[PDB]
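Data block below; observations after.
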Amino acid sequence: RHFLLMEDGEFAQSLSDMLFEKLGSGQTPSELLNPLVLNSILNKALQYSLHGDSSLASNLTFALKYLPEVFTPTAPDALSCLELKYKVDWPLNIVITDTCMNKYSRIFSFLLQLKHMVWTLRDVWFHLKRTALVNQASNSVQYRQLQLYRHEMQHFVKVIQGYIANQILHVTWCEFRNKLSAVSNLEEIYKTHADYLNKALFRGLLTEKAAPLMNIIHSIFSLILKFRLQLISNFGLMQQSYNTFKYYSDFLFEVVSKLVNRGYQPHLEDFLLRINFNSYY
Amino acid sequence: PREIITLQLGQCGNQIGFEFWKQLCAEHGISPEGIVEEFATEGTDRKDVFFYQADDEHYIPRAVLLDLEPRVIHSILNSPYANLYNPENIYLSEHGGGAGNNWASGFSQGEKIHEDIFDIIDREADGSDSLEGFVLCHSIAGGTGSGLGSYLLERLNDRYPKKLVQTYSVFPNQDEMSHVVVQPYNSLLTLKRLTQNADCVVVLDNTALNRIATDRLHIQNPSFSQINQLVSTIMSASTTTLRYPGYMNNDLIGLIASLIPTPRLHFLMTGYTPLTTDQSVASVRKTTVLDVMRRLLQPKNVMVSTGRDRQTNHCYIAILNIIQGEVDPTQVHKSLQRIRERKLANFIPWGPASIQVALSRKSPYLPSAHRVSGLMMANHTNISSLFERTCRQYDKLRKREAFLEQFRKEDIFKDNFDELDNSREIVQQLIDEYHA
Amino acid sequence: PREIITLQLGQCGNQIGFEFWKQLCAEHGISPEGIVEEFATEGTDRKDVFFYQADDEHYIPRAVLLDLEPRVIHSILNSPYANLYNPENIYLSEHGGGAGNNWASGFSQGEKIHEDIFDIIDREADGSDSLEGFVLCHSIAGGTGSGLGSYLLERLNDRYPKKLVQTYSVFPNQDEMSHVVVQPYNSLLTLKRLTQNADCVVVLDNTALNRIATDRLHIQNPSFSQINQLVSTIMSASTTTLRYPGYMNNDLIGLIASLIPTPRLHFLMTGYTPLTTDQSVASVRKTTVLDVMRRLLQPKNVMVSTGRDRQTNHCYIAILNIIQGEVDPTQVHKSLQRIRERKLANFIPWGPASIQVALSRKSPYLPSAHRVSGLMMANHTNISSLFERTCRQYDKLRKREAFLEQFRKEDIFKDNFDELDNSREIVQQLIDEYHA
Amino acid sequence: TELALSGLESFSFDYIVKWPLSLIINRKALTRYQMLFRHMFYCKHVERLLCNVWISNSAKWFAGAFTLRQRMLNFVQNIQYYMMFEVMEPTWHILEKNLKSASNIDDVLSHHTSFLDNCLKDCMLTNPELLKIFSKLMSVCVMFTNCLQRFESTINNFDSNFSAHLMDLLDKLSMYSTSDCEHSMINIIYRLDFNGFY
């Protein structure tokens, strides 16, 4: 619970510092020595916030995948190409199967990309610290409507993840431990733990792996690079970047409405909160 | 690696952090230098983050306490917490200067103690893994705490231009003028630093403290001396995503980032519900979480002076609802489902607003680990009602004749009074302009 | 046959060595007139190096205590260490000589007590099968230890040319010059002899001793007799890898060779953390291996006076980090992993550097077999700050026209004043030049 | 395995043992153990001989000599001393637990020789090419130790043999990186590389 769902969120916090050695790829070393020096500093990153010591953080191991992020030259990433691999070893592997490890790499990888959005948005908040690396609090040479479109951006991301965090944690932790344990007769757990794992990813987002909700999270990422690259460094190019975001959110609203059936995935209920928001103005 | 240096400064600023550090040993249920329970490591899964870990059998606060009266920090010596603080590392035990009460005394005393004041917060960080920021726990009340603390709101965002500024400003009683009579002056000077030499602020009104102390804690005897008790409770509430883990917004700059639309708006109204005493005769049968966020979208906890027809002529723009500890975390999303049907939420009459809910655990400590706890860190556009209160008590003082010359006895010998007035009406108006 | 004759010489230098010798009996746990324990060969696995090589069946100290003041050798018998020393080599029952206070008085008294001073250390280094060297335990303070001591660095350097030379330099107090004024002359005179007739130094500033004596011991006011406690400890601490097991370069000519990059870059900064009373009671309950040897890589324990902006604008080239007693030695390389994550120490990248870590199993004694002690032997290239301290006080005094014919009353009848300024300026550029 | 070989240095011992401790420690196992002696027997003679050239010693050859001995001793000390020091203390500890645990005298021998082939491999990879790089490192202190007893142009012969082993450890660094990428000996020799880093 502590290292994939991040209820020891101090690890995902330390990840934000590792992600402050990224800012997209490639530009980071590529060696076979690159996982060799990187699997060490991630196991140490639990100690980096000064928690515990390695002997419950050796159940977690990392296998760095190589993919072209220069888009033909190989240069690997820690957004979706850095994967947690849980161990197979003699004491626990009554719960461990190779199928359930496939989905441990998927949850740990799904968290990491949305977390790189949230982190880099706060790299912008350090940029604009005032006296006077901010320059300008309103018009002229714009900050007024710039920051108006910025705040409806960080509305939407902080309240999307907020709804996603609550379906991720609460029923899954009640479903798992209590039930499994209480039903006592324990045999052949990996057919139940995988049924549990299959309900747990239903709760995450799921998107049936094909549907334009998956196209809008891809596409709002493509504007997010334009937001960090312009603010780190064009004012017409700023406002276009969020006009495309407003295209993508209004595209999302019509999709919620064709998903509405009568009850169909716990994200739907939480989405109709925002729908009635849209009705209120 | 999110080490924060608290810069407790002033007569009240030393008191609200005196009771903040004292709140942490009692909520972790241990000795402030020992361990006498196992709730310290099991409850708090990051025991050092505002402390450092043991190597002498004693806890180490990341605190500095400077003021212009040596009396307040000797009233920290008198109290038996000299085995939680160090009177040669954590405070200067007898630090003098001004009388003081002038804002201009301490503003000129930070610039002749300029060499020493950044080798005590940068000597307070010296085994740190990496700095998050600074919290300026300073006082607006008096000219002492306000005087030197307003210089550090500037020099800490350009000697460290990537570190956090956020202030616990506490005002002097606005039902007096006989406590401090330079009060409209020392308020507005700092409010110029609050909109353009800052980032986010926490402004805490004092008369709304005493409005709650007789209506939710029901003491008969409303005085200016409950100033530090209600404040030290919301201070320890605000950092349950850094001293106990979070999930999303697992940093403090996570919460604070999403409650700032534009510079000049970031003045957060703070609310904290567990002060009710009729929720505690019904804690055996577990009180409900279905009506405890109808106190964060309806007034019942505001420490911000705001009107009653300004909760409708202004709406929430960003609202954060931090649930803590035991809370029954499987129906907090069911509670947020029934908000939209009544319409207790308020949204701007144009575009996006957002009701963020997040959750976090806590250590054993029954008022928020056995009872539902609701913290609101709101962002309402109704914050101009106070900026009209401070401007209307400021120009009122100039028809009385006072501190047009009695302010210029040290430092100030040039006119800049209608310069603080002009920037303030620019602030109050662009906020109303920013919405339809 | 790694025999060292320590030459305790000088008034302050006899006392830093007195309590040095009272420590070795306490850790071998024997009565000082025999070996009365069997811990003498099993616990301490060496029976000679500061003992005479047997021919009587006893181990006598290889010590000489020469002074011109009989007050130091008469303070032998106010303690029961007058049946450990023997009167014919280690002292001479009553020995007079000059007051002397002037360097050039004792320097010519070396040249007529040339017969006894080179036949008193050879009537005790006439059981050795090959001499390791001479450590000159001599003070720079006073004109007695400094006058004779600049002479012996020349003559043991032309009749023993492959012998290890190493001094425990202790300075005179520099923050009192209201009782002394010959202080920049006699200090710099020894230092000229240290950068070309010597190979290694250990520089120990006296005001940087007394920094720690008010920041770890907490006495009302440091004075001679409270200064022998910090110096004597670091001596018995340097031979904890020469007397107790090591393996590779655990001879004295292995460690000391690796802390010298080149002649004139050998000035070693010393740090010693455990004197405090609440860090001495944290090792009974064990402090972690991940904080007791990274605190020897944190600069806050230095016995050299320097700035804190030069510990980050200059980098280590050779650093030794001796942990004693408890260590838990299977995480000592885990501790060495973490140097790169905190970055408290900075390291040369133009050329090779060395972070030497060592551990040793000590003989029974509760202050060291159950207590973690950390001895630092740095080589940091901000030693030029001391050389500015002595040159800026030298040139100021010769313009007040003092010691230009009042220091020449004994054996000096030539010009040598710009000879002392030029050699100090040679040392300060050739250190800094050696590392980019 | 071929590293450690008979030259002018080929020093061992033959430990006198008798039954029933003679099958605790096989003499065939002692031949397996005396080569791990031998690997540490060369690198302390390296390391002690760089002390002995330092104590045997501005002018022209003198100033260059302090920089080549200071750079040569840190080359010997960062690979040899550190990797041995992180070896000898955990290996004493993993042997005291196989010591006590045994209900037979061929159990402690099997638990000693399945210990012993791990210790060889992580400290020395099987290939003659690490030999080649140890001796060149050793030949520069060999040009040194005679030249401090003989009495310019002597320095540039030393500098050409200094550049010979520098190219070869870089070739050695490539031989570290084309190993398993899976077994902890690559994790051992990486930590070699970081000691030479600072």
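Numbering starts fresh at 1 for the residues of each chain in the structure tokens, the chains themselves are lettered A, B, ... in the order given, and ligands are numbered from 1 as they appear.
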
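The least-squares superposition of chain B onto chain C, using every Cα atom in order, ends with an RMSD of 1.7 Å.
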
>> Taking 3 positions as the minimum chain separation for residues in the same chain, which residues sit within 9 Å of segment 32-39 of chain A when counting only C-alpha atoms? Answer as a list in words.
In response: residues 29, 42, 43, 44, 61, 62, 63 and 64 of chain A; 177, 178, 181, 186, 187 and 190 of chain D

Taking N, CA and C atoms for each residue, export the selection above as a PDB file, in the first residue's frame.
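What landed in again10.pdb:
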```pdb
ATOM      1  N   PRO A  29      22.225  10.403 -19.109  1.00  0.00           N
ATOM      2  CA  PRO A  29      23.149   9.401 -19.541  1.00  0.00           C
ATOM      3  C   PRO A  29      22.472   8.148 -20.077  1.00  0.00           C
ATOM      4  N   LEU A  42      17.227   4.946  -5.796  1.00  0.00           N
ATOM      5  CA  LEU A  42      15.776   4.828  -5.584  1.00  0.00           C
ATOM      6  C   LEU A  42      15.366   4.016  -4.318  1.00  0.00           C
ATOM      7  N   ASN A  43      16.177   2.984  -4.027  1.00  0.00           N
ATOM      8  CA  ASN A  43      16.122   2.184  -2.788  1.00  0.00           C
ATOM      9  C   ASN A  43      16.594   3.084  -1.568  1.00  0.00           C
ATOM     10  N   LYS A  44      17.598   3.919  -1.798  1.00  0.00           N
ATOM     11  CA  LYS A  44      18.129   4.939  -0.891  1.00  0.00           C
ATOM     12  C   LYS A  44      17.217   6.111  -0.708  1.00  0.00           C
ATOM     13  N   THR A  61      12.315  -3.885  -6.176  1.00  0.00           N
ATOM     14  CA  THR A  61      13.374  -3.768  -7.119  1.00  0.00           C
ATOM     15  C   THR A  61      12.902  -3.107  -8.330  1.00  0.00           C
ATOM     16  N   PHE A  62      13.833  -2.477  -9.096  1.00  0.00           N
ATOM     17  CA  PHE A  62      13.491  -1.700 -10.299  1.00  0.00           C
ATOM     18  C   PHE A  62      14.193  -2.190 -11.542  1.00  0.00           C
ATOM     19  N   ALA A  63      13.371  -2.384 -12.577  1.00  0.00           N
ATOM     20  CA  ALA A  63      13.933  -2.715 -13.822  1.00  0.00           C
ATOM     21  C   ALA A  63      13.587  -1.579 -14.775  1.00  0.00           C
ATOM     22  N   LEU A  64      14.683  -0.848 -15.194  1.00  0.00           N
ATOM     23  CA  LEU A  64      14.667   0.293 -16.147  1.00  0.00           C
ATOM     24  C   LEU A  64      14.549  -0.240 -17.547  1.00  0.00           C
TER      25      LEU A  64
ATOM     26  N   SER D 177      32.004  -3.273 -17.685  1.00  0.00           N
ATOM     27  CA  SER D 177      30.705  -2.953 -18.120  1.00  0.00           C
ATOM     28  C   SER D 177      30.055  -3.968 -19.103  1.00  0.00           C
ATOM     29  N   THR D 178      30.848  -4.945 -19.657  1.00  0.00           N
ATOM     30  CA  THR D 178      30.348  -5.989 -20.561  1.00  0.00           C
ATOM     31  C   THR D 178      30.174  -7.373 -19.957  1.00  0.00           C
ATOM     32  N   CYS D 181      25.467  -7.809 -15.803  1.00  0.00           N
ATOM     33  CA  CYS D 181      24.529  -6.692 -15.596  1.00  0.00           C
ATOM     34  C   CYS D 181      23.372  -7.225 -14.774  1.00  0.00           C
ATOM     35  N   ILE D 186      29.212  -6.785 -10.385  1.00  0.00           N
ATOM     36  CA  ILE D 186      29.169  -5.617 -11.191  1.00  0.00           C
ATOM     37  C   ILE D 186      28.816  -4.448 -10.395  1.00  0.00           C
ATOM     38  N   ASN D 187      28.177  -4.723  -9.274  1.00  0.00           N
ATOM     39  CA  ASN D 187      27.820  -3.788  -8.249  1.00  0.00           C
ATOM     40  C   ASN D 187      29.036  -3.523  -7.343  1.00  0.00           C
ATOM     41  N   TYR D 190      31.453  -1.550  -9.583  1.00  0.00           N
ATOM     42  CA  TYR D 190      30.993  -0.164  -9.815  1.00  0.00           C
ATOM     43  C   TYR D 190      31.474   0.652  -8.662  1.00  0.00           C
TER      44      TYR D 190
END
```

>> Please identify all residues of chain A having at least one atom at most 10 Å from any atom of chain C, considering only C-alpha atoms, and return them as a ChimeraX atom specification.
In response: /A:40-41,44-45,47-48

Give me, as a JSON list (two decimals) with N, CA and C atoms, in the first residue's frame, the residues of segment 23-269 of chain A that a backbone DSSP run labels strand (DSSP E).
```
[["chain", "number", "residue", "atom", "x", "y", "z"],
["A", 60, "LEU", "N", 10.92, -4.41, -3.02],
["A", 60, "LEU", "CA", 10.91, -3.60, -4.18],
["A", 60, "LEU", "C", 12.22, -3.54, -4.86],
["A", 61, "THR", "N", 12.32, -3.89, -6.18],
["A", 61, "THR", "CA", 13.37, -3.77, -7.12],
["A", 61, "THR", "C", 12.90, -3.11, -8.33],
["A", 62, "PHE", "N", 13.83, -2.48, -9.10],
["A", 62, "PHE", "CA", 13.49, -1.70, -10.30],
["A", 62, "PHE", "C", 14.19, -2.19, -11.54],
["A", 63, "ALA", "N", 13.37, -2.38, -12.58],
["A", 63, "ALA", "CA", 13.93, -2.71, -13.82],
["A", 63, "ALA", "C", 13.59, -1.58, -14.77],
["A", 64, "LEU", "N", 14.68, -0.85, -15.19],
["A", 64, "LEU", "CA", 14.67, 0.29, -16.15],
["A", 64, "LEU", "C", 14.55, -0.24, -17.55],
["A", 82, "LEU", "N", 10.18, 3.62, -16.27],
["A", 82, "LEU", "CA", 10.71, 3.16, -14.99],
["A", 82, "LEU", "C", 9.59, 2.42, -14.31],
["A", 83, "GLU", "N", 9.90, 1.16, -13.93],
["A", 83, "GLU", "CA", 8.95, 0.16, -13.44],
["A", 83, "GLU", "C", 9.28, -0.46, -12.18],
["A", 84, "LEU", "N", 8.32, -0.54, -11.21],
["A", 84, "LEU", "CA", 8.60, -1.30, -9.97],
["A", 84, "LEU", "C", 8.29, -2.76, -10.31],
["A", 85, "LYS", "N", 9.22, -3.63, -9.85],
["A", 85, "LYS", "CA", 9.13, -5.06, -9.97],
["A", 85, "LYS", "C", 9.15, -5.56, -8.59],
["A", 86, "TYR", "N", 8.04, -6.28, -8.18],
["A", 86, "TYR", "CA", 8.02, -6.86, -6.85],
["A", 86, "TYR", "C", 8.74, -8.18, -6.94]]
```

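The two atoms in question, atom CA of residue 301 of chain C and atom CA of residue 82 of chain B, are spaced 24.0 Å apart.
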
Which residues of chain D sit at most 12 Å from chain A, using only C-alpha atoms? Give each one's shortest atom pair and distance in Å (one decimal place), in chain and ascending residue order, as CSV.
```
residue,atom,partner,partner_atom,distance
D:173,CA,A:33,CA,11.1
D:174,CA,A:33,CA,10.8
D:176,CA,A:33,CA,9.8
D:177,CA,A:33,CA,7.1
D:178,CA,A:32,CA,8.6
D:179,CA,A:32,CA,10.0
D:180,CA,A:32,CA,10.3
D:181,CA,A:32,CA,7.4
D:182,CA,A:36,CA,9.3
D:183,CA,A:36,CA,10.9
D:184,CA,A:36,CA,10.1
D:185,CA,A:36,CA,11.5
D:186,CA,A:36,CA,8.3
D:187,CA,A:36,CA,7.1
D:188,CA,A:36,CA,10.7
D:189,CA,A:36,CA,11.0
D:190,CA,A:36,CA,8.1
D:191,CA,A:37,CA,9.5
D:193,CA,A:37,CA,11.1
D:194,CA,A:37,CA,10.0
```

Go ahead and write the selection's residues with N, CA and C atoms as a compact mmCIF listing (two decimals), in the first residue's frame.
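The resulting file, result-v1.txt, is reproduced below:
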```txt
# COMPACT_ATOMS: atom_id res chain seq x y z
N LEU D 173 37.75 -0.78 -17.62
CA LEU D 173 36.51 -0.17 -17.28
C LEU D 173 35.47 -0.61 -18.28
N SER D 174 35.94 -0.88 -19.46
CA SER D 174 35.01 -1.44 -20.44
C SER D 174 34.66 -2.91 -20.32
N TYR D 176 34.63 -4.26 -17.23
CA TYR D 176 33.62 -4.23 -16.12
C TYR D 176 32.19 -4.13 -16.65
N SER D 177 32.00 -3.27 -17.69
CA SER D 177 30.70 -2.95 -18.12
C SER D 177 30.05 -3.97 -19.10
N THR D 178 30.85 -4.94 -19.66
CA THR D 178 30.35 -5.99 -20.56
C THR D 178 30.17 -7.37 -19.96
N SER D 179 29.94 -7.32 -18.58
CA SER D 179 29.75 -8.43 -17.73
C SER D 179 28.31 -8.68 -17.72
N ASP D 180 27.85 -9.49 -16.72
CA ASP D 180 26.43 -9.95 -16.55
C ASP D 180 25.35 -8.84 -16.66
N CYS D 181 25.47 -7.81 -15.80
CA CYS D 181 24.53 -6.69 -15.60
C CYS D 181 23.37 -7.23 -14.77
N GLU D 182 23.62 -8.23 -13.83
CA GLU D 182 22.60 -9.04 -13.17
C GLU D 182 23.06 -9.58 -11.84
N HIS D 183 24.36 -9.82 -11.68
CA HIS D 183 25.01 -10.45 -10.53
C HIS D 183 25.83 -9.40 -9.83
N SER D 184 25.83 -9.34 -8.48
CA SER D 184 26.35 -8.31 -7.59
C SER D 184 27.84 -7.98 -7.70
N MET D 185 28.68 -8.76 -8.44
CA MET D 185 30.06 -8.43 -8.69
C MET D 185 30.26 -7.21 -9.57
N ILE D 186 29.21 -6.78 -10.38
CA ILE D 186 29.17 -5.62 -11.19
C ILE D 186 28.82 -4.45 -10.39
N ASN D 187 28.18 -4.72 -9.27
CA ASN D 187 27.82 -3.79 -8.25
C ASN D 187 29.04 -3.52 -7.34
N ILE D 188 29.91 -4.57 -7.16
CA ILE D 188 31.17 -4.44 -6.47
C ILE D 188 32.17 -3.60 -7.30
N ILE D 189 32.32 -3.86 -8.62
CA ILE D 189 33.34 -3.20 -9.37
C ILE D 189 32.83 -1.81 -9.73
N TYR D 190 31.45 -1.55 -9.58
CA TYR D 190 30.99 -0.16 -9.81
C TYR D 190 31.47 0.65 -8.66
N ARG D 191 31.48 0.09 -7.43
CA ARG D 191 31.86 0.83 -6.29
C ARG D 191 33.35 1.12 -6.22
N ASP D 193 34.74 2.08 -9.06
CA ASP D 193 34.80 3.15 -10.01
C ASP D 193 34.44 4.48 -9.37
N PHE D 194 33.55 4.47 -8.35
CA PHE D 194 33.14 5.62 -7.64
C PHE D 194 34.24 5.96 -6.65
```

> Which is closest to chain C among B:25, B:194, B:131, B:420, if we use only C-alpha atoms?
Replying inline: B:131

>> as an NGL selection string, please: every residue in segment 92-215 of chain A that DSSP puts in helix (DSSP H, G or I).
In response: :A and (98-127 or 144-175 or 177-182 or 190-202 or 207-209 or 213-215)

Could you list, with a cut-off of 7 Å and counting only C-alpha atoms, the residues of chain C near chain D, each shown with its nearest atom pair and the distance in Å rounded to one decimal, rows sorted by chain and ascending number, as a Markdown table?
```
| residue | atom | partner | partner_atom | distance |
| --- | --- | --- | --- | --- |
| C:162 | CA | D:56 | CA | 6.2 |
| C:248 | CA | D:44 | CA | 6.4 |
| C:253 | CA | D:51 | CA | 6.9 |
| C:254 | CA | D:51 | CA | 5.9 |
| C:257 | CA | D:51 | CA | 6.7 |
| C:261 | CA | D:70 | CA | 5.6 |
| C:262 | CA | D:66 | CA | 5.3 |
| C:329 | CA | D:89 | CA | 6.4 |
| C:330 | CA | D:90 | CA | 5.5 |
| C:333 | CA | D:86 | CA | 6.4 |
| C:347 | CA | D:198 | CA | 6.0 |
| C:348 | CA | D:198 | CA | 6.6 |
| C:349 | CA | D:198 | CA | 6.1 |
| C:352 | CA | D:74 | CA | 6.2 |
| C:353 | CA | D:198 | CA | 5.6 |
| C:354 | CA | D:74 | CA | 6.7 |
```

Chain B contacts to chain C at 8 Å (only C-alpha atoms) as a compact mmCIF listing (two decimals) with N, CA, C and O atoms, in the first residue's frame:
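Resulting contents of result33.txt:
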```txt
# COMPACT_ATOMS: atom_id res chain seq x y z
N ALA B 54 17.61 11.52 16.75
CA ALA B 54 18.36 11.49 17.99
C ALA B 54 19.77 11.06 17.79
O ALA B 54 20.18 10.19 17.00
N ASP B 55 20.67 11.78 18.53
CA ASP B 55 22.07 11.52 18.66
C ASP B 55 22.62 12.05 19.98
O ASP B 55 23.84 12.08 20.16
N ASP B 56 21.66 12.51 20.85
CA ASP B 56 22.02 13.03 22.16
C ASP B 56 20.87 12.81 23.09
O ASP B 56 20.94 13.27 24.23
N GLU B 57 19.87 11.95 22.69
CA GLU B 57 18.68 11.78 23.47
C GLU B 57 17.88 13.05 23.68
O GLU B 57 17.47 13.41 24.81
N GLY B 127 22.66 20.24 8.30
CA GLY B 127 22.59 18.84 8.07
C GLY B 127 21.38 18.55 7.28
O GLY B 127 21.00 17.38 7.02
N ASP B 129 18.93 17.85 4.22
CA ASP B 129 19.07 17.06 2.95
C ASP B 129 18.78 18.01 1.81
O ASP B 129 19.53 18.20 0.84
```

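Atom pair atom CA of residue 418 of chain B / atom CA of residue 110 of chain B: separated by 24.9 Å.
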
>> Excluding segment 362-377 of chain B and its own-chain neighbours fewer than 2 positions away, which residues fall within 8 Å of it when counting only C-alpha atoms? Please give them as a VMD selection string.
In response: chain B and resid 27 to 29 39 to 40 42 to 44 237 to 238 240 244 268 to 274 283 286 to 289 292 to 293 296 319 to 328 360 379

>> With only C-alpha atoms as the counted atoms, please give the residues lying no more than 7 Å from segment 155-166 of chain A, apart from itself and same-chain residues fewer than 3 positions off, as a PyMOL selection string.
In response: (chain A and resi 151-152+169-170+204+270) or (chain B and resi 258+353-358)

Emit the selected residues as a tab-separated table (two decimals), in the first residue's frame, including N, CA, C and O atoms.
```tsv
chain	number	residue	atom	x	y	z
A	151	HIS	N	-5.24	29.22	-13.64
A	151	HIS	CA	-5.87	28.73	-12.46
A	151	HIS	C	-6.98	27.75	-12.73
A	151	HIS	O	-7.27	26.92	-11.88
A	152	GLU	N	-7.65	27.86	-13.92
A	152	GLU	CA	-8.66	26.91	-14.33
A	152	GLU	C	-7.98	25.67	-14.90
A	152	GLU	O	-8.65	24.70	-15.09
A	169	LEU	N	-8.17	4.33	-3.07
A	169	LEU	CA	-7.74	3.92	-1.74
A	169	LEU	C	-8.79	3.17	-0.88
A	169	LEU	O	-8.48	2.25	-0.18
A	170	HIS	N	-10.03	3.64	-0.92
A	170	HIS	CA	-10.92	3.37	0.25
A	170	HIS	C	-11.59	1.98	0.23
A	170	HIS	O	-11.38	1.11	1.12
A	204	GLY	N	-9.37	2.18	-10.77
A	204	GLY	CA	-8.39	3.19	-11.03
A	204	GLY	C	-8.91	4.21	-12.08
A	204	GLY	O	-9.08	5.39	-11.78
A	270	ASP	N	-18.55	11.28	-9.68
A	270	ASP	CA	-17.72	12.37	-9.36
A	270	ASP	C	-17.58	13.39	-10.46
A	270	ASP	O	-17.11	14.53	-10.19
B	258	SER	N	-2.45	25.33	-5.45
B	258	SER	CA	-3.70	25.27	-6.18
B	258	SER	C	-4.66	26.29	-5.53
B	258	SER	O	-5.86	26.15	-5.87
B	353	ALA	N	-14.50	26.42	-10.98
B	353	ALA	CA	-14.19	26.43	-9.62
B	353	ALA	C	-14.03	24.96	-9.22
B	353	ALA	O	-14.22	24.07	-10.08
B	354	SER	N	-13.49	24.63	-8.05
B	354	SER	CA	-13.11	23.25	-7.83
B	354	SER	C	-13.14	22.93	-6.31
B	354	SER	O	-12.68	23.68	-5.43
B	355	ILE	N	-13.81	21.87	-5.98
B	355	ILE	CA	-13.99	21.43	-4.61
B	355	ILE	C	-13.07	20.21	-4.56
B	355	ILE	O	-13.42	19.12	-4.93
B	356	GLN	N	-11.91	20.44	-3.98
B	356	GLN	CA	-10.93	19.46	-3.81
B	356	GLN	C	-11.10	18.80	-2.49
B	356	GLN	O	-11.14	19.45	-1.45
B	357	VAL	N	-11.12	17.42	-2.46
B	357	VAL	CA	-11.07	16.69	-1.27
B	357	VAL	C	-9.86	15.87	-1.40
B	357	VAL	O	-9.56	15.37	-2.47
B	358	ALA	N	-9.10	15.74	-0.27
B	358	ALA	CA	-7.92	14.94	-0.11
B	358	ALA	C	-7.97	14.39	1.30
B	358	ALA	O	-8.62	14.96	2.17
```

Taking 2 positions as the minimum chain separation for residues in the same chain, which residues sit within 12 Å of residue 195 of chain A when counting only C-alpha atoms? Answer as a PDB file with C-alpha atoms, in the first residue's frame.
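Heads up, here's the output in part-v2.pdb:
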```
ATOM      1  CA  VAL A  95       0.291 -13.990  -3.530  1.00  0.00           C
ATOM      2  CA  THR A  99       0.354 -11.794 -14.061  1.00  0.00           C
ATOM      3  CA  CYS A 100      -0.064  -9.745 -10.890  1.00  0.00           C
ATOM      4  CA  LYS A 103      -0.226  -4.892 -13.120  1.00  0.00           C
ATOM      5  CA  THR A 172      -9.718  -1.441  -2.126  1.00  0.00           C
ATOM      6  CA  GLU A 175     -11.998  -5.305   0.172  1.00  0.00           C
ATOM      7  CA  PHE A 176      -8.573  -6.791   0.445  1.00  0.00           C
ATOM      8  CA  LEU A 180      -9.283 -12.458   2.475  1.00  0.00           C
ATOM      9  CA  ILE A 189      -4.678 -17.134  -3.102  1.00  0.00           C
ATOM     10  CA  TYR A 190      -3.355 -16.062  -6.477  1.00  0.00           C
ATOM     11  CA  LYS A 191      -6.778 -16.652  -8.201  1.00  0.00           C
ATOM     12  CA  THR A 192      -8.332 -14.302  -5.604  1.00  0.00           C
ATOM     13  CA  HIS A 193      -5.585 -11.783  -5.325  1.00  0.00           C
ATOM     14  CA  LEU A 197      -6.271  -6.872  -8.666  1.00  0.00           C
ATOM     15  CA  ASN A 198      -8.820  -6.969 -11.562  1.00  0.00           C
ATOM     16  CA  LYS A 199     -11.432  -5.047  -9.345  1.00  0.00           C
ATOM     17  CA  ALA A 200      -8.571  -2.589  -8.312  1.00  0.00           C
ATOM     18  CA  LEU A 201      -7.753  -1.483 -11.751  1.00  0.00           C
ATOM     19  CA  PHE A 202     -11.509  -1.103 -12.584  1.00  0.00           C
TER      20      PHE A 202
END
```

> If we count only C-alpha atoms, what is near residue 9 of chain A at a cut-off of 7 Å, once residues fewer than 2 positions away on the same chain are taken out, given as a ChimeraX atom specification?
Replying inline: /A:6-7,11-13 /B:245-247,250

>> Rounded to one decimal, what separation in Å do you get between atom CA of residue 260 of chain B and atom CA of residue 350 of chain B?
In response: 17.7 Å
